[PDB]
Amino acid sequence: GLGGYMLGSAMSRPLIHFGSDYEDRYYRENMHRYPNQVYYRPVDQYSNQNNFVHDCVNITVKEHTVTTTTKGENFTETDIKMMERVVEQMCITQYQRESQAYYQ
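FYI, the numbering for the sequence shown is 124 to 227, going by the entry's author numbering.
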(Lines of atoms letter the chains of each structure in order from A and count residues from 1; the text may use other names and numbers.)
(Lines give C-alpha, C1' and ligand atoms only; values in the text may rest on other atoms or scores of the structure.)
Protein backbone atom coordinates (compact mmCIF):
# COMPACT_ATOMS: atom_id res chain seq x y z
CA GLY A 1 0.00 0.00 0.00
CA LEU A 2 3.04 2.32 -0.50
CA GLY A 3 1.77 3.25 -3.97
CA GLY A 4 5.37 3.30 -5.25
CA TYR A 5 6.90 6.22 -3.25
CA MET A 6 10.55 7.51 -3.77
CA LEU A 7 13.13 5.55 -1.72
CA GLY A 8 16.31 7.65 -1.46
CA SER A 9 19.76 6.15 -2.10
CA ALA A 10 21.97 5.24 0.91
CA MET A 11 22.69 8.27 3.09
CA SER A 12 24.89 9.88 5.71
CA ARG A 13 23.69 8.32 9.00
CA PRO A 14 22.92 11.22 11.42
CA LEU A 15 24.81 10.60 14.65
CA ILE A 16 22.22 10.29 17.42
CA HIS A 17 23.02 11.83 20.81
CA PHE A 18 21.00 9.92 23.43
CA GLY A 19 23.28 11.22 26.22
CA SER A 20 25.01 8.03 27.50
CA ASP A 21 28.12 6.09 26.37
CA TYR A 22 26.29 2.83 26.01
CA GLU A 23 23.63 3.92 23.48
CA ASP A 24 26.34 6.05 21.81
CA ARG A 25 28.42 2.98 20.89
CA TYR A 26 25.25 0.78 20.65
CA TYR A 27 24.12 2.88 17.67
CA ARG A 28 27.62 2.92 16.07
CA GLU A 29 28.05 -0.82 16.62
CA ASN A 30 24.98 -2.00 14.73
CA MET A 31 24.13 1.02 12.52
CA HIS A 32 23.41 -1.32 9.57
CA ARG A 33 20.53 -2.84 11.62
CA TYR A 34 18.79 0.56 11.26
CA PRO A 35 18.24 1.93 7.68
CA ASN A 36 20.73 4.09 5.78
CA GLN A 37 17.87 5.20 3.41
CA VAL A 38 14.59 7.19 3.60
CA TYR A 39 11.39 6.08 1.96
CA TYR A 40 9.88 9.48 1.02
CA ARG A 41 7.63 11.02 -1.68
CA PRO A 42 9.09 13.65 -4.04
CA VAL A 43 8.39 17.33 -3.22
CA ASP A 44 6.92 17.38 -6.77
CA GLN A 45 3.33 16.19 -5.98
CA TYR A 46 1.78 16.25 -2.45
CA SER A 47 4.02 19.13 -1.20
CA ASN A 48 3.79 19.05 2.65
CA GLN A 49 5.98 19.48 5.73
CA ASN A 50 4.14 17.31 8.31
CA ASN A 51 1.98 15.25 5.96
CA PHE A 52 5.15 14.31 3.93
CA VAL A 53 7.86 13.90 6.70
CA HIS A 54 5.58 12.00 9.10
CA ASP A 55 4.07 9.69 6.40
CA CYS A 56 7.72 9.21 5.22
CA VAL A 57 8.86 8.12 8.74
CA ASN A 58 5.56 6.16 9.08
CA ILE A 59 6.13 3.99 6.00
CA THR A 60 9.96 3.79 6.39
CA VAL A 61 9.93 2.63 10.02
CA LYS A 62 6.85 0.42 9.25
CA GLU A 63 8.49 -1.35 6.28
CA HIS A 64 11.79 -1.97 8.11
CA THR A 65 10.12 -3.11 11.38
CA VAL A 66 7.91 -5.36 9.15
CA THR A 67 10.96 -6.91 7.44
CA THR A 68 12.74 -7.67 10.75
CA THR A 69 9.66 -9.10 12.39
CA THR A 70 9.02 -11.29 9.26
CA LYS A 71 12.74 -12.34 9.11
CA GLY A 72 12.75 -13.38 12.81
CA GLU A 73 14.59 -10.23 14.03
CA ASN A 74 13.38 -8.07 16.99
CA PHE A 75 13.64 -4.37 17.93
CA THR A 76 13.75 -3.08 21.52
CA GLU A 77 11.95 0.20 22.50
CA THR A 78 15.13 2.30 22.23
CA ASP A 79 15.55 0.82 18.68
CA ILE A 80 12.04 2.06 17.71
CA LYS A 81 12.99 5.57 18.90
CA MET A 82 16.46 5.13 17.29
CA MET A 83 14.86 4.65 13.88
CA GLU A 84 12.22 7.38 14.51
CA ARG A 85 15.05 9.84 15.32
CA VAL A 86 17.48 8.70 12.55
CA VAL A 87 14.75 8.50 9.84
CA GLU A 88 13.24 11.89 10.92
CA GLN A 89 16.73 13.46 10.74
CA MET A 90 17.51 11.82 7.33
CA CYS A 91 14.04 12.52 5.80
CA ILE A 92 14.18 16.21 6.79
CA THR A 93 17.87 16.30 5.65
CA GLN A 94 16.58 15.18 2.22
CA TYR A 95 13.74 17.78 2.32
CA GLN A 96 16.10 20.62 3.39
CA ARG A 97 18.32 19.93 0.35
CA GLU A 98 15.57 19.16 -2.21
CA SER A 99 13.35 22.08 -1.20
CA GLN A 100 16.39 24.42 -1.21
CA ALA A 101 17.01 23.58 -4.91
CA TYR A 102 13.22 23.74 -5.61
CA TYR A 103 13.38 27.41 -4.44
CA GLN A 104 16.68 28.42 -6.14
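Yeah, the Cβ is synthetic: ideal placement off N, Cα and C, and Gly gets one too.
The Cβ neighbour count for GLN219, taken over all protein chains shown within 10 Å, is under 16; the residue is labelled exposed. Within the stretch 135-215, the complete alpha helix (DSSP H) segments of 4 residues or longer fall at 144-152 and 173-193, listed in chain order. Around the beta-carbon of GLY124, fewer than 16 other beta-carbon atoms lie within 10 Å, marking it exposed.
The Cβ-Cβ distance between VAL176 and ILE215 falls below 7 Å. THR191 and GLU152 have their C-alpha atoms roughly 18 Å apart. Under the 8 Å Cβ criterion, the stretch 130-139 counts as touching the stretch 158-165, having at least three qualifying pairs. In the DSSP assignment, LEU125 forms no beta bridge with any residue. With respect to the 7 Å criterion, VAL166 and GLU221 are classified as neighbours on the basis of their beta carbons.
In terms of Cβ geometry, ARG164 and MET129 form a close pair [threshold 7 Å]. A direct Cα-Cα distance of roughly 14 Å separates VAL210 from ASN173.
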